[PDB]
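Per-entry structural report
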Amino acid sequence: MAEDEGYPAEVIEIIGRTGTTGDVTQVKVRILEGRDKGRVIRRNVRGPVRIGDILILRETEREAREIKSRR
Amino acid sequence: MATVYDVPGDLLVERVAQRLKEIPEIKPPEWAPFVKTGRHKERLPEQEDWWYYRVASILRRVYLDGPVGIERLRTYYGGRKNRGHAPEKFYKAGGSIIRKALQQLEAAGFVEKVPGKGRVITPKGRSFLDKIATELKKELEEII
Amino acid sequence: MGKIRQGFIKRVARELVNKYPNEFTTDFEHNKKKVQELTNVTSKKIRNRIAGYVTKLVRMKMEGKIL
Amino acid sequence: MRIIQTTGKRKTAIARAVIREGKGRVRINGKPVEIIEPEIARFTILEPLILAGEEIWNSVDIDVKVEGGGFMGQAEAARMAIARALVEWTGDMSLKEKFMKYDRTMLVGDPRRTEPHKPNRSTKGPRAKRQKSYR
Amino acid sequence: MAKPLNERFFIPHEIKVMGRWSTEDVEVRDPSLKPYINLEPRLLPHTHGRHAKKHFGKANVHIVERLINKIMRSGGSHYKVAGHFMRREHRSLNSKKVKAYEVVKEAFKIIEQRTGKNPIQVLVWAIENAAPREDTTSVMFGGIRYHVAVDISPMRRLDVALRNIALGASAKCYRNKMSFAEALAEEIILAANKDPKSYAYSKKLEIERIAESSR
Amino acid sequence: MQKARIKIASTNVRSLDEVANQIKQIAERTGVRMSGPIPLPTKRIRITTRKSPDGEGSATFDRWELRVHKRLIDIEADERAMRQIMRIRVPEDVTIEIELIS
Amino acid sequence: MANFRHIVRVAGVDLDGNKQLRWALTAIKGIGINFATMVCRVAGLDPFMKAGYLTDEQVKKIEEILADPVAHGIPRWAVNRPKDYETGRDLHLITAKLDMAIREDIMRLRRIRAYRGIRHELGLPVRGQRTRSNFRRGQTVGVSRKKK
RNA sequence: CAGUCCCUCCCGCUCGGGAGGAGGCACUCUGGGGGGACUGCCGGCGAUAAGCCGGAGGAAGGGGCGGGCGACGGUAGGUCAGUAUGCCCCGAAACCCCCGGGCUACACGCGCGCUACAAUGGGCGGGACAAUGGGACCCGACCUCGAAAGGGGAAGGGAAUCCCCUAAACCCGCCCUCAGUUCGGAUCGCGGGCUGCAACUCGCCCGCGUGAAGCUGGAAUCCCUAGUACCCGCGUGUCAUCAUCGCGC
């Protein structure tokens, strides 16, 4: 294919879980790609993911979030 | 420098079978492939190869074991006969091909019946197999 | 799923270090031998737990707060 | 010469394996390795042998008897026992650690093996309940 | 056949997969897939691996062993033996990974016959492509129902990829000349192309496309 | 002398061990030459059973176990010599079989 | 080869295929898969070769063999019906004999007033057991013998 | 043919491969007893406690793992048709003996299973592999007759020492070449064996001939979380015989 542009981002921290399914887990990301660099986003990721993994972000401009929490 | 041990059966069996034709003391009797077959057959094959392979493996079996039965050679084969929707169950070959096969060899002088009550190889039977194994085993190395 | 050490296992070790502190160590094996001599061995598996908790209880005693 | 007698066991295929100096014998249950009809599981045994290298292989006679009901399972038992035989032979850390890195089925067995068939509620298979539709 | 096979024994030893396919021939260029795949390790897929032991012990599964297992899947009550015997071992193993392995091997042979490239380089390529990047899960959280954008993790991507490739094979594989070894083999090529003939790649696009709308 | 085989089999673990150990110890010092007590099996008998007379519900089903464990002794001695050793108390429920051959 | 044709006539004017010889005889009633090969041995032909690779000559042999299998050979349990209606030693069955022989023995049974004879008429398995809720959902066994 | 001075056979390119018996208890194993695993150590979170994650060493780990183990009670749950037992009823009968029939009837409807819709295939042939167990009017070596089912003759075994016994899936080479068929095995004709006084009703198995529906299944719905599931065969109870069952490997 054409790229689009692939924005590679790695996951800085795994905040907690979202979905009534549960199926997204919400994770905080940092970017490492040619354009922006450094931008912190809270993306909704699915499936087994650990800390320090790599995600290709299809759309830079995103960041839906919902928050709480552990006592 | 070889033994039936040494030699992958697939090659051995065709070789021992051809030697059986050659020598030519063992032979197909007519009645046996006709319809006096082992268990059930989808088609019944009209081959010299059929009869000879059957005998080829009795020579290998008689070497490996000591007393080896008719009953033992019959069961050993693997193969199953239909019982319907009730699942298949194991059953065993013909007694017919075996008793005559053991007997055609006996006259050949290749097998003998021990006084023990059993069956064991002669020097002549054992000899025929290792020579063939040496030929086969020698051929195996040459070929890539 | 979960782990929590029974209560019976906790009671024996706690009494044992109180009676004989200075005959207990930071070695698992040394405490286990002592524990065997001290109290009845219903079984081998419980003997090990008692000994283990004793190892910890000594480490804690150093600190100056031992619950 | 020397006799060293080692075992491998994977899933209760049990390998009674001897290494002695010799010439390159590979024996399984009395017969050359060659007899085995499967290619695939032969390539499992060959893996510790190549990893040490062929030099050692040629210099020593390994006879095994692998008394396990699996055809894969024999390949399995023979591979663990060869890896251990090779490491006792030369005695170096080099060959042991090289093996641990590549896979741990070469020098560890399994911590378990099998589970019984549970009683059940009049249905086959150890983790199974009789089908329902009673709603 | 037997001598070639012996040669097939000489060559894997040296070290190749299935007797004649160098693992070094391929590399994972993309860094994402690199720990996610088992292209770097060894020779026989029969491994008994016991993966799924830990968190991600399923990632140290040889790519081909995942394929044989995923490939095995379909199988109900029924019995198989050499006899009159089954099907019970399926279109897709109503059975044995042991047998299951053969297809993968014949499929490997067939794909090599056409393309003439190292068929792990084709299958590895196809798994990278077949995995959809984006998915929509009907995810409602907090009770509010969204049909949202979800980014696929890499383990999840491989898993979708292999399952989808296998799934498609069976469909055509249905009472038709493709032989799953053939059907798979033809699928592995096209899945590799992103071609219009790959039931696996059709869902790959469509799942992302619907997902793109829904996000 | 006559070589005599004492075969001793028992339902429980406890009883068979006491007898074997004592037979060897009494036998050890005298005219006797004795081969060390040898364990032969538990043929472990399963009897697999349904609990519930109902047959109904879930059933929780019984795995039974009867273990009978066999120890085999050779002794070289006279017949008179055998009775002396045989004197022992023996655990209720310990089968002792004797073979006598030259 | 032995002279192609895609249709040859064997066992009367009933047609012979290009499927395989053994299999084309199986279609012809009263000559089943296994019986075909027995006749093939006697006749001297290759069993595995395509049907229709037969001169006119080959065809004559198979027919005389069919008429009295028993004269040529053919064991007295391997032959189609042996001990026929209590006073025939052995006979052959083909399309016209086979139809007739089963239909006669059934006809006999209606008249004798057997359970057996009436059980078929009603449409029922005699010694199959159940009729209880087999042939479910308006289905039928179809009893004897053909709906293709 | 662990290791072997010996020994008998076969084979040989004389280098060397394999089997028997001496011999030898190494090994596999049997069953009896002992160690080892406890957050003990190390780091992070947490009240420095309790616990949770993570890491090293290690054969194994943080309920290691799999069973037995199920309170007080309820559904007036289930069994007086296994036994025990209150009450009531029956007394040439609601008893008792007997033969035969009935439980195995069917236009249908459902539950629970088995086999199955073929090339990831059949036939044919060869060759490598197991375990739980069961075995005295019982398992039956082996030999012989029979196509087989089975029969005749007969060794050993009341058992780590014999027998059922062959594992099946597996693979290789060959024939075959995607049809309602060489699928699938219903149905029916005939021949025959076996137990029992006897298998029409109403037994299984062999052989020939016949050769059905079915070519991937709506709504709806069930199981299960790893050496399990999926998948393959093997034994056992009961027991002559009906197993597509139940228990177990």
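Residues numbered from 1 in each chain as written, not as in the entry; some residues may be left out. Chains lettered and ligands numbered in written order. Part of a larger assembly, values for the part shown. Heavy atoms only, no water.

1. Some thoughts on the overall build of chain D
For chain D, the count of helices and strands is four helices and five strands. Reading chain D from its N end, one meets helices and strands in the order β-β-β-β-α-α-β-α-α. The globule rule puts the C-alpha radius of gyration for 135 residues at 14 Å, and the 19 Å found for chain D is more than 25% above it. The principal-axis extents of the C-alpha atoms in chain D amount to approximately 75 × 30 × 25 Å. The buried share among the 135 residues of chain D stands at 45%. Put simply, of all contacts in chain D between residues at least 6 apart along the chain, 68% involve residues at least 24 apart. Within the structure as shown, chain D displays about 7,800 Å² of accessible surface, and the carbon and sulfur contribution to it stands at 51%. Once the 28 positive and 17 negative side-chain charges of chain D are each reduced to a mean point, those two points are 14 Å apart. (Helix = DSSP H or I, 4+ residues; strand = E, 2+ residues; numbered from the N terminus. Rg over C-alpha atoms; globule rule 2.2 N^0.38 Å. Buried < 20%, exposed > 50% of the residue type's maximum accessible area, 1.4 Å probe, protein only. Contact = heavy atoms within 4.5 Å. Areas by Shrake-Rupley, 256 points an atom, 1.4 Å probe, with all protein chains shown as cover. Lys, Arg positive; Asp, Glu negative; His and termini not counted. Charge placed at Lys NZ, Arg CZ, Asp CG, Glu CD.)

2. Considerations on the pairing of strand β2 (residues 24-31) of chain A
One face of the sheet, then the other: side chains in a regular strand alternate in exactly this way. Residue and element names in this part refer to chain A. Direction of pairing for strand β1 (residues 7-17) relative to β2: antiparallel, over a ladder of seven bridges. Residue pairing across strands places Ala9 opposite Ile31, the latter belonging to β2. From the end of β1 to the start of β2, which pair antiparallel, there are six residues, and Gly19 there has a positive phi angle of about 65°. Pairing between β2 and strand β3 (residues 40-46): seven bridges, direction antiparallel. Residue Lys28 lies in a different strand from β3, and its bridge partner there is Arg42. (Pairing = 2+ DSSP bridges.)

3. Some thoughts on a positive patch on the surface
On the surface, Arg50(A), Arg104(D), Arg112(D), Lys53(E) and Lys54(E) cluster together into a positively charged patch. On the accessibility criterion, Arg112(D) (47% relative accessible area) is partly exposed. (Patch = residues over 30% accessible without salt bridge, like charges linked within 9 Å, V, L, I, M, F, W, Y side chains within 5 Å. Salt bridge = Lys/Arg side-chain N within 4 Å of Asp/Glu carboxyl O.)

4. Notes on a nonpolar patch on the surface
Taken together, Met86(F), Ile98(F) and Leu100(F) make up a surface patch of nonpolar side chains, about 240 Å² in accessible area. Relative to the helices and strands, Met86(F) resides in the loop between α2 (79-85) and β6 (95-101).

5. Some words on the sheet that holds β6(F)
Sheets are built from strands paired through backbone hydrogen bonds, the pairs being either parallel or antiparallel. All names here are of chain F. An order of β2-β5-β1-β6 is seen for the four strands of this open sheet, with the pairing classed as antiparallel. Looking at the sheet topology across the chains shown, the edges are occupied by β2 (33-45) and β6. Direction aside, neighbouring strands of the sheet carry axes that sit 15° apart on average. Sheet topology note: the strand β1 (residues 2-10)/β6 ladder contains seven bridges and is antiparallel. (Axes fitted to C-alpha atoms, helices over the stretch in contact; angles between N-to-C directions.)

6. So, helix α3 (residues 97-115) of chain E
Counted at 1.5 Å a residue, the expected span for α3(E) with its 19 residues is 27 Å, and the 26 Å between its end C-alpha atoms agrees. Along α3(E), the residues that are buried comprise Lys97(E), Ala100(E), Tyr101(E), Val104(E), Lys105(E), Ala107(E), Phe108(E), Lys109(E) and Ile111(E). Buried residues in α3(E) make contact with α1 (40-52) of chain D together with α1 (2-15), α2 (63-72), α4 (119-130) and α6 (180-193) of chain E. Looking one or two residues past α3(E), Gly116(E) carries a phi angle of roughly 75°, positive in sign. (Expected span 1.5 Å × (residues − 1).)

7. Focus on the interface of chain F and chain D
How big an interface is tends to be reported as the loss of accessible area on association of its parts. Tallying the contact residues gives four residues for chain F and five residues for chain D. For the pair chain F and chain D, the number of links is zero salt bridges. In the side of chain F that touches chain D, the residues fall into two nonpolar, one polar and one charged. (Nonpolar A, V, L, I, M, F, W, Y, C, P; charged D, E, K, R; others polar.)

8. Quick notes on the pattern of salt bridges
Enumeration according to the criterion identifies 58 salt bridges over all chains in this entry. Notably, a salt bridge pairs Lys28(A) with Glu13(A), separated by 3.5 Å at the nearest N-O pair. A residue pair is termed long-range when its members are at least 10 positions apart, and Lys28(A) in strand β2 and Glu13(A) in strand β1 qualify at 15 residues. Judged by its relative accessible area of 46%, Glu13(A) falls in the partly exposed class. Salt-bridge contacts for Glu39(D) lead to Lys105(E); the nearest nitrogen and oxygen are separated by 2.2 Å. Remark: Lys105(E) occurs in helix α3 and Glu39(D) occurs in the loop between β4 (31-32) and α1; the pair is interchain, linking two chains.

9. Quick look at the protein's contact with RNA strand H
Neighbouring residues of RNA strand H: 226 residues in total, closest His48(E), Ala82(E), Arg88(E), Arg91(E) and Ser179(E). Within 4 Å of the protein, the contacting atoms of RNA strand H are 78% sugar and phosphate, with bases supplying the remainder. In this structure, a sugar or linking oxygen belonging to RNA strand H sits 3.5 Å away from a main-chain N or O atom of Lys83(G). For the surface near RNA strand H, the leading source of residues is helix α3 (residues 44-63) of chain C, giving eleven residues. Partitioned by chemical class, the residues of the surface near RNA strand H number 68 nonpolar, 62 polar and 96 charged. (Near = heavy atom within 4 Å. Polar contact = N/O pair within 3.5 Å; in protein donor to acceptor, adjacent residues only side chain to side chain.)

10. Details of the sheet that holds strand β3 (residues 26-28) of chain D
All names here are of chain D. The mixed open sheet is built from five strands, whose spatial order is β1-β2-β5-β3-β4. Each of the sheet's edge strands pairs with one partner strand only, and the pair in question is β1 (4-10) and β4. Inspection of the sheet shows strand β2 (residues 13-21) paired to strand β5 (residues 60-67) by eight bridges, in the antiparallel sense. Considered in β5, the bridge of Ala15 is made with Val66. Against the sheet, helix α3 (residues 71-90) touches β1, β2, β3 and β5, its axis set at about 145° to β1.

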